[PDB]
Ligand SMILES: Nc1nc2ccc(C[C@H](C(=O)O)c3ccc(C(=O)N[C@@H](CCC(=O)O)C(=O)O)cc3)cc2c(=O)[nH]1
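The chain below stands alone and is given in structure tokens; this is the form deposited without the ligand.
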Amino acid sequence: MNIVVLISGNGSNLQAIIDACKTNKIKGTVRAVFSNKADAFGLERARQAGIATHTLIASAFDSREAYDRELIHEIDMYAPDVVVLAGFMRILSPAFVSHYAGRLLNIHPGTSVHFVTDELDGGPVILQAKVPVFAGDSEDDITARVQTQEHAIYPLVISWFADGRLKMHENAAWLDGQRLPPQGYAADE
């Protein structure tokens, strides 16, 4: 329950998380969407789904500290159990990253989903998904195929988080009771 999702531009990964709560695939509601850009079509998707958005573009702010003091304020209003970055595109800061520790998540390409931390590595990866270099590469495909894996795996890890079976304990990810190791994935032991 209590998912808040940060985003910039178009929102394909967010679509995937609104339909997965909608259909009860993740036990939680996405209680608000934020973007550091107006234009962000992912906003149009949040309002079609009828969820509260908040574009906070900087330049409206005097400093970066000012802006993140504020983004943390409008985010914590919604009492978030998870804060999921899903295309957000802003250089995160020691205070943001520290504020949401163990409830902050991100997705990066090739495609994988990790806990965001201060560790030099970016923080523990939770779930990875490799896509073939296999020949029917109707070039657009390159990314478009990673995208499909993104829409598949981010809802699945957010869902484990909600059901209380993904914890981050001591800069290590922990699925269903035991430690994930550097690349992690499924049925536990």
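Residue positions are given as counts along the sequence shown, with the first one as 1. Each form is matched to the other, and the largest set of C-alpha atoms that superpose within 1.5 Å is called the rigid core.
Participant: Note how many residues of the deposited chain are left out of the model between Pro94 and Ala95; the options are none, 1 to 3, 4 to 9, and 10 or more.
Facilitator: Nothing is missing.
Participant: Which is higher on mean Cα B factor in this entry, 50 to 58 or 156 to 164?
Facilitator: Mean C-alpha B-factor is greater for 156 to 164.
Participant: For the higher mean C-alpha B factor in the entry, choose 110 to 118 or 81 to 89.
Facilitator: Taking the mean B-factor of the alpha carbons in each, 110 to 118 is higher.
Participant: Given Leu127, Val146, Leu43, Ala32, identify the residue with the highest C-alpha B factor in the PDB entry.
Facilitator: Result of the comparison over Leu127, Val146, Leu43, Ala32: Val146.
Participant: By the record's CA B-factor, is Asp68 among the lowest, middle or highest third of residues in the chain?
Facilitator: According to the entry, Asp68 has a C-alpha B-factor in the chain's middle third.
Participant: Lowest, middle or highest third: where is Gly123 by C-alpha B factor in its chain?
Facilitator: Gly123: CA B-factor falls in the middle third of its chain.
Participant: When the deposited Cα B-factors of this chain's modelled residues are ordered and cut into thirds, is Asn24 in the lowest, the middle or the highest one?
Facilitator: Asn24: CA B-factor falls in the highest third of its chain.
Participant: Can you work out whether the C-alpha temperature factor of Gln15 puts it in the lowest, middle or highest third of the chain?
Facilitator: It falls in the bottom third of the chain.
Not on display, but discussed next: the form solved in complex with the ligand.
Participant: Report yes if any heavy atom of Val82 sits within 4.5 Å of a heavy atom of the ligand in the deposited complex; otherwise report no.
Facilitator: Close contact is absent here: in the deposited complex, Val82 is far from the ligand, nothing within 4.5 Å, heavy atoms only.
Participant: Mark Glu70 yes when one of its heavy atoms lies within 4.5 Å of a heavy atom of the ligand in the deposited complex, and no otherwise.
Facilitator: Contact with the ligand, no.
Participant: So in the deposited complex, is the ligand close enough to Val116 to count as touching (4.5 Å, heavy atoms)?
Facilitator: Because a heavy atom of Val116 falls inside 4.5 Å of the ligand in the deposited complex, the answer is yes.
Participant: Although the partner isn't part of this model, could you tell me whether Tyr78 comes within 4.5 Å of the ligand in the deposited complex, counting any heavy atom of the residue?
Facilitator: Although the ligand is absent here, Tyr78 would stay clear of it in the deposited complex, with no heavy atoms inside 4.5 Å.
Participant: Counting non-hydrogen atoms within 4.5 angstroms of the ligand in the deposited complex, say which of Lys130, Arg47, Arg64, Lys27 makes the cut.
Facilitator: Of the candidates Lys130, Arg47, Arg64, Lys27, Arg64 is the one lying within 4.5 Å of the ligand in the deposited complex.
Participant: Taking the partner as it appears in the deposited complex, which of 27 to 35, 160 to 168, 119 to 127, 47 to 55 has residues with heavy atoms within 4.5 Å of the ligand?
Facilitator: Correct option: 119 to 127.
Participant: Only counting heavy atoms and a 4.5 Å limit, does any residue of 74 to 104 reach the ligand in the deposited complex, and if so which ones?
Facilitator: Heavy-atom contacts within 4.5 Å come from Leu85, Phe88, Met89, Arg90, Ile91, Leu92, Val97.
Participant: After superposing the two forms on their rigid core, pick out the one entry in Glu70, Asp39, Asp121, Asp163 with a CA shift of 2 Å or more between the shown form and the other one.
Facilitator: By this measure, the answer is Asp121.
Participant: Your call: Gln147 and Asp121 CA atoms, closer or farther in the deposited complex versus the shown structure, by 3 Å or more?
Facilitator: Nearer in the deposited complex, by 3 Å or more.
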